[PDB]
Amino acid sequence: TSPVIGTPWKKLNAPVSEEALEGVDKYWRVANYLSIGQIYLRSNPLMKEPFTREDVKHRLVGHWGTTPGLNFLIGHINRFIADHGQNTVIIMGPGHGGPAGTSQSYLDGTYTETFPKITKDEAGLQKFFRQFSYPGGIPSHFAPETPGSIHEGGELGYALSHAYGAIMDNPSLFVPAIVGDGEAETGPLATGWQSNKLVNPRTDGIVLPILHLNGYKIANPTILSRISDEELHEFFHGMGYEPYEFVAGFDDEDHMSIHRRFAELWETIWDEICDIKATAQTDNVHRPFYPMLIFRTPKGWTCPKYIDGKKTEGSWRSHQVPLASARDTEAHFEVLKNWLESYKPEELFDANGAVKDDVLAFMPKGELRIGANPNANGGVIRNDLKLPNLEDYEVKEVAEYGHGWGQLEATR
Amino acid sequence: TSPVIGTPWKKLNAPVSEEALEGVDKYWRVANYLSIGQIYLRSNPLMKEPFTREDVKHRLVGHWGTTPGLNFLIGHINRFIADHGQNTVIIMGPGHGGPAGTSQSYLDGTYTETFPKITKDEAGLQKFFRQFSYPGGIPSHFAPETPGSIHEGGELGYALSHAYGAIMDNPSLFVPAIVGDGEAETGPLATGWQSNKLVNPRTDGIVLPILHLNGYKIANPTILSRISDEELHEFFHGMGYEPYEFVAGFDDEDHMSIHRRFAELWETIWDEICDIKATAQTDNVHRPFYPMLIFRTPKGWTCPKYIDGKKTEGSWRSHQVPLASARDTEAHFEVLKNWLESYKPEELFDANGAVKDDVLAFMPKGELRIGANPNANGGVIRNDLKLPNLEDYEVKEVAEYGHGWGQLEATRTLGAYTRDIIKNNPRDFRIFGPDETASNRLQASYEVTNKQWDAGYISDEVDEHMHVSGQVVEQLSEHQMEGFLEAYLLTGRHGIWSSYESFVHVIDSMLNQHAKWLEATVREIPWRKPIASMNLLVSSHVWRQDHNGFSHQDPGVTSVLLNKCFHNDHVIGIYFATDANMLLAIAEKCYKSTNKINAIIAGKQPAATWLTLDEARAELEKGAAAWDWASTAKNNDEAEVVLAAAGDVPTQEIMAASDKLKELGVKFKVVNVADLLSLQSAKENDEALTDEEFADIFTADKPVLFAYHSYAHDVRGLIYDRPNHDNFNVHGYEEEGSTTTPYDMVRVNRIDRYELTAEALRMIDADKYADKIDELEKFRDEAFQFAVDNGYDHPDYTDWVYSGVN
Ligand SMILES: Cc1ncc(C[n+]2csc(CCOP(=O)(O)OP(=O)(O)O)c2C)c(N)n1
Ligand SMILES: Cc1ncc(C[n+]2csc(CCOP(=O)(O)OP(=O)(O)O)c2C)c(N)n1
Ligand SMILES: [Mg+2]
Ligand SMILES: [Mg+2]
């Protein structure tokens with residue numbers, strides 16, 4: 001049976017603290033630094049001088065165009081899970097943002113538990129950096145080897161169906177389903193929008209679709225990002241959703257101003273969800289409008305704005321790798337060094353190389369963590385079916401009238 | 001007169017304090033704990049260990065599906081009364097929430113005053129718990145034994161009529177009328193919604209209807225809870241109300257968050273009410289929209305959510321008792337123990353078992369309390385009517401022109417008498433009638449007062465005697481009139497109400513209920529002082545329904561009234577006005593009486609007058625009396641028959657038959673029974689006629705012919721053990737009638753004068769009088785054919801005047 005974890009569907013009834021958002025910003029910075037170290041670095045994780053081109057990977061593989069947005073959402077969801085004690089499984093629709101998921105597993109402590117050789121220090125950070133998309137390493141996508149993952153995300157169109165499946169008969173589980181805006185063009189997910197007409201708010205859980213609308217696919221913009229905002233809201237409302245919209249990173253607003261704004265928007269959405277759940281205990285015959293979040297951000301949101309005179313951030317040029325060769329020129333290596341120093345890792349890591357304690361104080365503990373949630377590892381939940389005696393259903397006429405008897409239908 | 005108590009209609013002009021709401025939450029918890037201890041516990045009130053199944057009642061009876069909501073509302077109303085000093089009477093519509101009312105009486109201190117053996121400690125708490133719905137205990141509903149109660153609430157549909165009655169002529173009294181959502185489906189209360197069109201905000205008080213919309217009846221949901229909120233607000237606004245809505249308990253909101261929210265909503269409503277009252281001092285000609293509160297909560301709001309895997313809270317499964325047997329399993333006892341501990345009684349009671357002082361600090365004191373309010377005990381308010389001299393209204397022509405004179409209408413005399421009572425008693429006496437005051441000829445009171453009407457006025461060619469204030473209320477609903485009058489009497493005032501005989505059945509239930517309020521009061525409740533009597537003028541009776549016919553003829557009110565005559569309670573009186581003077585005497589006696597239901601059956605038709613006032617009173621004290629002027633036999637031995645009568649038309653037929661009997665030399669006696677209940681068994685009824693007196697009135701061996709207004713069954717069931725009862729031959733109504741001439745109406749019921757003379761002749765000698773009997777029988781048919789041919793009754797019948805008229 002699906003377990004009840006924590007205190008489900010609880011309202012905060014308080015402002016989001018400033019200290020928690022301090023922690024969320026520091027988490028976002030350190031998660032971006034880890035997601036870049038995984039793609040680009042093979043040695044010297046904390047850039048002890050001399051930081052040279054010797055420390056960079058020969059073959060840079062991976063994706064970045066979705067990773068900082070995923071890190072933003074995941075850090076905020078982590079603050080939320082710590083505050084509310086919610087039973088939460090995240091489904092990452094753009095699974096090519098694998099460094100985000102591995103950075104989460106590393107930061108919430110589950111990665112070291114599952115993989116003891118990736119310690120939480122300088123050598124462990126070096127191994128964590130080198131092993132991403134490497135011979136004898138871990139995959140690029142959000143893989144079964146990655147704790148907290150039920151969805152690979154490599155082949156696109158099934159984040160929403162997997163979310164609605166994961167909440168079925170599962171009344172305390174909250175699923176934020178992050179959906180790429182390019183993936184939203186695929187045929188499966190377009191019809192997976194309409195699956196709130198097949199779940200009950202009382203007996204099933206709640207899926208919150210987060211449309212990760214960064215505007216671009218590989219080398220092409222997305223249809224949803226280039227239609228009017230009126231059309232987008234009208235479209236999501238015709239499918240039984242209440243659209244909420246968050247826009248960030250498209251100007252020079254301070255990061256804290258963005259974290260605060262998201263905190264307020266998120267708690268508003270949570271209060272609507274909690275109202276839906278409380279109403280469903282009394283009335284579950286009439287369908288509510290579930291909130292869904294439209295998360296408009298620039299693709300590759302913390303990367304350098306321009307590289308080689310080409311618009312990189314906020315463009316499709318940041319999909320896989322900006323600085324396709326930071327190993328073969330000195331200018332690109334300087335761009336990479338400035339990019340890594342823009343997160344100020346000097347204050348996010350201690351002397352021995354561990355992520356500082358105040359960076360992760362806002363984090364959930366124990367079974368509430370993403371990598372520790374039993375619904376992510378559905379084999380520990382599983383129990384055998386209680387099976388009726390087979391002889392009760394046997395077709396006995398063969399035993400006495402002889403083989404070849406009858407005109408029965410097998411599937412009955 | 002209704003007293004002015006406290007400081008009426010005052011605005012708070014401040015926020016509701018936090019300390020008061022602390023007290024309100026603690027009150028709500030302790031009231032729920034008391035309401036559960038009453039239902040479930042017989043011992044160990046404070047759950048000293050060992051708390052075992054020994055401490056639980058063997059038979060769990062009572063109701064819980066409304067009790068926590070009632071406790072919530074009552075605690076908040078208590079905070080309000082303490083703050084504002086308001087004169088407030090609560091009417092509890094769902095009276096099956098009795099533990100809420102008894103918990104209030106216990107917590108505000110009035111219960112210990114009324115019942116000293118229920119102390120405020122551990123032993124007193126144990127007695128309070130055990131006595132609820134127990135052998136030798138207190139009832140389950142909100143009973144007359146419960147201080148602060150004017151309404152039983154057992155039989156549903158009359159919270160609103162009782163509220164609007166209690167505020168009438170009562171300008172400082174605030175009445176929150178809590179209405180169940182299932183009860184709102186009943187016919188009476190649906191029309192009791194529309195009674196804000198019959199009260200004036202200046203001269204009358206304010207009723208606040210609180211719809212207690214918890215969604216469920218017994219085993220069924222309510223119509224009002226399952227229609228859209230738009231429909232509900234539109235419905236309440238079409239009836240002259242401003243709907244306010246409060247919703248609580250349907251999520252995990254903190255209790256304080258609920259108490260605070262209710263405080264703001266309540267003070268908003270109070271400010272609208274105070275604005276209405278202040279406006280009414282200047283302008284009272286245009287009707288306001290009174291606020292009414294829709295109080296949406298889950299049924300059984302603090303009970304366990306699920307029991308046996310069945311949804312209990314927020315369902316109809318919590319109506320009577322969750323845990324129907326907490327005595328027969330260990331699991332149910334654990335559920336009960338957890339339920340009791342969820343209120344944390346360990347902090348609500350002190351060591352000795354008294355409710356802690358800080359739990360009741362927010363409570364009203366003195367006369368402002370619900371159980372101490374004088375309007376709840378309307379016998380302490382009551383003062384006697386100042387009555388005009390009866391001799392002023394006597395029909396004096398009988399005294400000089402002889403008995404049987406005239407063609408007067410009996411009810412016009414009562415109209416004049418009641419007019420002068422109104423003149424001497426304004427704002428303490430009121431006349432009700434289901435659109436029938438002017439048809440019962442009680443319109444003489446329009447000389448001194450008006451019909452109270454607060455809907456629109458259009459003209460003066462049609463709106464005479466109507467005014468925004470008045471002492472005559474008149475709506476086409478017998479339920480409305482009866483509830484208005486019952487709440488009028490229960491608050492200390494006086495009244496009459498008139499009705500057609502056939503439609504009094506509409507309120508057979510209500511009368512029954514009021515009799516139960518009186519039977520209970522005269523037996524075991526001395527601290528409740530006597531209230532005025534419920535006076536019902538029954539007119540337009542069965543024998544003269546010319547315009548209407550068979551649908552308007554049913555005198556069965558006498559039967560339903562006879563069922564409430566037991567154990568020497570004397571809460572019922574049934575009087576027959578034979579003429580105007582007898583009506584005067586009866587009405588004087590009835591207006592003086594207390595704690596009774598007096599049905600005065602009088603005709604509105606032109607009828608002869610038989611008695612003088614002194615004769616009428618002399619017949620009155622006995623109930624039955626011999627008419628010596630009409631009897632031809634000097635002593636009981638001479639008479640060959642006794643002719644007894646009860647009612648104006650039976651009296652007329654007995655007298656006309658006596659005239660024919662005189663011509664044949666028959667010696668007879670004439671008896672008139674003004675009061676029916678004097679004919680009751682002497683051992684059963686100590687105020688009925690003794691057996692010697694009854695035998696003196698009716699000769700032991702001689703046959704008695706009895707002509708009766710109602711069904712003869714009611715006479716025969718009453719005299720069964722009386723002497724000579726075998727010889728009684730009762731002639732009454734026999735469900736035979738139509739629209740036809742007045743002689744036909746009594747013809748088809750074998751109660752006409754010819755049939756009565758033939759009956760008496762057959763009682764004496766069928767053989768000797770055979771020719772005369774035959775002549776009478778064929779004359780009846782000739783006199784019916786006369787009416788068929790000519791359209792009116794026979795000259796022999798119409799023109800007949802008694803021989804005693806000079
Ligand atoms: C069905 C399918 N077609 C093609 C691809 C190849 N592919 C991998 S990532 C990607 C673009 C990702 O699009 P979007 O959802 O907009 O992601 P984001 O903007 O987060 O990078 C594509 C086309 C795929 N994974 N699945
Ligand atoms: C006229 C009438 N019919 C039936 C009953 C039986 N009865 C007693 S309580 C009750 C249900 C109470 O209904 P509601 O007003 O919704 O009360 P609540 O939800 O507060 O229990 C019923 C039908 C009654 N008291 N009166
Ligand atoms: Mg995209
Ligand atoms: Mg109800």
# chains A, B, ... in the order shown; residues from 1 in each chain; ligands from 1
>>> interface_residues(of="chain B", to="chain A", cutoff="9 Å", atoms="only C-alpha atoms", output="list in words")
residues 250, 251, 252 and 314 of chain B
>>> write_last_selection(atoms="C-alpha atoms", output="tab-separated table (two decimals), in the first residue's frame")
chain	number	residue	atom	x	y	z
B	250	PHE	CA	-14.55	21.77	6.74
B	251	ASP	CA	-10.74	21.97	6.75
B	252	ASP	CA	-7.83	22.05	9.18
B	314	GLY	CA	-19.80	15.62	8.51
>>> residues_near_ligand(ligand="ligand 3", cutoff="12 Å", atoms="only C-alpha atoms and all ligand atoms", output="PyMOL selection string")
chain A and resi 63-67+69-70+93-94+96-97+178-185+211-226+295-301+314-320
>>> select_by_dssp(residues="segment 112-319 of chain A", states="helix (DSSP H, G or I)", output="PDB file with C-alpha atoms, in the first residue's frame")
ATOM      1  CA  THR A 112      26.968   9.545  -0.803  1.00  0.00           C
ATOM      2  CA  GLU A 113      24.737   6.969   0.879  1.00  0.00           C
ATOM      3  CA  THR A 114      24.030   5.155  -2.387  1.00  0.00           C
ATOM      4  CA  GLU A 122      37.568  17.624  -2.415  1.00  0.00           C
ATOM      5  CA  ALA A 123      38.442  14.148  -3.710  1.00  0.00           C
ATOM      6  CA  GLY A 124      34.774  13.182  -3.727  1.00  0.00           C
ATOM      7  CA  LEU A 125      33.936  16.369  -5.599  1.00  0.00           C
ATOM      8  CA  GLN A 126      36.651  15.577  -8.151  1.00  0.00           C
ATOM      9  CA  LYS A 127      35.237  12.080  -8.687  1.00  0.00           C
ATOM     10  CA  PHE A 128      31.706  13.485  -8.925  1.00  0.00           C
ATOM     11  CA  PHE A 129      32.863  15.972 -11.556  1.00  0.00           C
ATOM     12  CA  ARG A 130      34.795  13.443 -13.626  1.00  0.00           C
ATOM     13  CA  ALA A 159       6.290  13.405 -17.813  1.00  0.00           C
ATOM     14  CA  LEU A 160       2.577  14.122 -17.408  1.00  0.00           C
ATOM     15  CA  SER A 161       1.305  10.571 -17.880  1.00  0.00           C
ATOM     16  CA  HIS A 162       3.924   9.396 -15.409  1.00  0.00           C
ATOM     17  CA  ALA A 163       2.863  12.075 -12.936  1.00  0.00           C
ATOM     18  CA  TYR A 164      -0.823  11.191 -13.136  1.00  0.00           C
ATOM     19  CA  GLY A 165       0.096   7.525 -12.847  1.00  0.00           C
ATOM     20  CA  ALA A 166       2.270   8.140  -9.801  1.00  0.00           C
ATOM     21  CA  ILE A 167      -0.520   9.934  -7.934  1.00  0.00           C
ATOM     22  CA  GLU A 183       8.476  18.532 -25.139  1.00  0.00           C
ATOM     23  CA  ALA A 184       5.012  20.080 -24.884  1.00  0.00           C
ATOM     24  CA  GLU A 185       4.915  19.987 -28.697  1.00  0.00           C
ATOM     25  CA  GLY A 187       1.938  14.236 -29.296  1.00  0.00           C
ATOM     26  CA  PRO A 188       1.890  12.228 -26.048  1.00  0.00           C
ATOM     27  CA  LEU A 189       2.135  15.183 -23.690  1.00  0.00           C
ATOM     28  CA  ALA A 190      -0.491  17.239 -25.502  1.00  0.00           C
ATOM     29  CA  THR A 191      -3.025  14.535 -24.657  1.00  0.00           C
ATOM     30  CA  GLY A 192      -1.444  14.018 -21.247  1.00  0.00           C
ATOM     31  CA  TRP A 193      -2.645  17.511 -20.403  1.00  0.00           C
ATOM     32  CA  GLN A 194      -6.245  16.212 -20.364  1.00  0.00           C
ATOM     33  CA  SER A 195      -5.662  13.565 -17.685  1.00  0.00           C
ATOM     34  CA  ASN A 196      -6.993  15.653 -14.793  1.00  0.00           C
ATOM     35  CA  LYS A 197     -10.370  14.364 -16.027  1.00  0.00           C
ATOM     36  CA  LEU A 224       4.043  27.798 -26.867  1.00  0.00           C
ATOM     37  CA  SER A 225       6.582  30.521 -26.109  1.00  0.00           C
ATOM     38  CA  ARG A 226       5.826  32.480 -29.289  1.00  0.00           C
ATOM     39  CA  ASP A 229       0.052  35.215 -23.310  1.00  0.00           C
ATOM     40  CA  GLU A 230      -3.720  35.492 -23.709  1.00  0.00           C
ATOM     41  CA  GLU A 231      -3.693  32.405 -25.927  1.00  0.00           C
ATOM     42  CA  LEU A 232      -1.529  30.451 -23.499  1.00  0.00           C
ATOM     43  CA  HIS A 233      -3.728  31.180 -20.487  1.00  0.00           C
ATOM     44  CA  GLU A 234      -6.894  30.514 -22.487  1.00  0.00           C
ATOM     45  CA  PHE A 235      -5.423  27.199 -23.649  1.00  0.00           C
ATOM     46  CA  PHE A 236      -4.469  26.032 -20.174  1.00  0.00           C
ATOM     47  CA  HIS A 237      -7.845  27.108 -18.797  1.00  0.00           C
ATOM     48  CA  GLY A 238      -9.724  25.170 -21.467  1.00  0.00           C
ATOM     49  CA  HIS A 255      18.388  37.269  -7.427  1.00  0.00           C
ATOM     50  CA  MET A 256      16.839  37.665  -3.976  1.00  0.00           C
ATOM     51  CA  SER A 257      14.035  39.708  -5.509  1.00  0.00           C
ATOM     52  CA  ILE A 258      13.427  36.658  -7.707  1.00  0.00           C
ATOM     53  CA  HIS A 259      13.617  34.115  -4.890  1.00  0.00           C
ATOM     54  CA  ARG A 260      11.231  36.179  -2.764  1.00  0.00           C
ATOM     55  CA  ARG A 261       8.744  36.595  -5.625  1.00  0.00           C
ATOM     56  CA  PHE A 262       8.814  32.875  -6.330  1.00  0.00           C
ATOM     57  CA  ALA A 263       8.306  32.106  -2.654  1.00  0.00           C
ATOM     58  CA  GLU A 264       5.132  34.208  -2.629  1.00  0.00           C
ATOM     59  CA  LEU A 265       3.812  32.720  -5.877  1.00  0.00           C
ATOM     60  CA  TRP A 266       4.548  29.175  -4.751  1.00  0.00           C
ATOM     61  CA  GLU A 267       2.746  29.619  -1.437  1.00  0.00           C
ATOM     62  CA  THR A 268      -0.275  31.042  -3.253  1.00  0.00           C
ATOM     63  CA  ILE A 269      -0.362  27.957  -5.485  1.00  0.00           C
ATOM     64  CA  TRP A 270       0.071  25.676  -2.476  1.00  0.00           C
ATOM     65  CA  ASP A 271      -2.853  27.334  -0.726  1.00  0.00           C
ATOM     66  CA  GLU A 272      -5.072  26.755  -3.754  1.00  0.00           C
ATOM     67  CA  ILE A 273      -3.968  23.102  -3.824  1.00  0.00           C
ATOM     68  CA  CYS A 274      -4.612  22.685  -0.095  1.00  0.00           C
ATOM     69  CA  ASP A 275      -8.054  24.235  -0.543  1.00  0.00           C
ATOM     70  CA  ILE A 276      -8.774  21.718  -3.308  1.00  0.00           C
ATOM     71  CA  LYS A 277      -7.681  18.838  -1.088  1.00  0.00           C
ATOM     72  CA  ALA A 278      -9.718  20.020   1.912  1.00  0.00           C
ATOM     73  CA  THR A 279     -12.783  20.519  -0.284  1.00  0.00           C
ATOM     74  CA  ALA A 280     -12.373  17.039  -1.755  1.00  0.00           C
ATOM     75  CA  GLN A 281     -12.845  15.435   1.666  1.00  0.00           C
ATOM     76  CA  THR A 282     -16.426  16.747   1.653  1.00  0.00           C
ATOM     77  CA  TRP A 316      19.084  27.877 -28.288  1.00  0.00           C
ATOM     78  CA  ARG A 317      22.876  28.149 -28.543  1.00  0.00           C
ATOM     79  CA  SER A 318      23.034  27.199 -24.864  1.00  0.00           C
TER      80      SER A 318
END
>>> residues_near_ligand(ligand="ligand 2", cutoff="6 Å", atoms="only C-alpha atoms and all ligand atoms", output="list in words")
residues 65, 66, 94, 154, 155, 156, 180, 181, 182, 183, 214, 216, 217, 218 and 319 of chain B
>>> write_last_selection(atoms="C-alpha atoms", output="compact mmCIF listing (two decimals), in the first residue's frame")
# COMPACT_ATOMS: atom_id res chain seq x y z
CA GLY B 65 -25.34 15.75 15.29
CA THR B 66 -26.32 19.29 16.25
CA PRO B 94 -33.46 21.70 16.75
CA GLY B 154 -39.28 18.27 19.74
CA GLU B 155 -41.83 18.74 16.99
CA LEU B 156 -40.25 20.79 14.24
CA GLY B 180 -32.14 23.40 11.58
CA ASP B 181 -31.64 22.88 7.87
CA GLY B 182 -33.82 19.79 7.92
CA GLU B 183 -36.47 21.62 9.94
CA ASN B 214 -25.01 21.20 8.78
CA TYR B 216 -28.06 16.46 7.03
CA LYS B 217 -31.33 15.29 8.54
CA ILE B 218 -31.70 11.82 10.05
CA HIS B 319 -27.20 12.34 14.25
>>> atom_distance(atom1="atom CA of residue 177 of chain B", atom2="atom CA of residue 125 of chain B")
29.1 Å
>>> residues_near_ligand(ligand="ligand 4", cutoff="12 Å", atoms="only C-alpha atoms and all ligand atoms", output="PyMOL selection string")
chain B and resi 63-67+69-70+93-94+96-97+178-185+211-226+295-301+314-320
>>> residues_around(residues="segment 598-603 of chain B", least_positions_apart="4", cutoff="6 Å", atoms="only C-alpha atoms", output="VMD selection string")
chain B and resid 535 to 539 573 to 577
>>> closest_residue(among="A:239, A:348, A:307, A:100", to="ligand 1", atoms="only C-alpha atoms and all ligand atoms")
A:100
>>> closest_residue(among="A:60, A:351, A:156, A:90", to="ligand 1", atoms="only C-alpha atoms and all ligand atoms")
A:156
>>> residues_around(residues="segment 131-138 of chain A", least_positions_apart="5", cutoff="7 Å", atoms="only C-alpha atoms", output="list in words")
residues 38, 39 and 61 of chain A
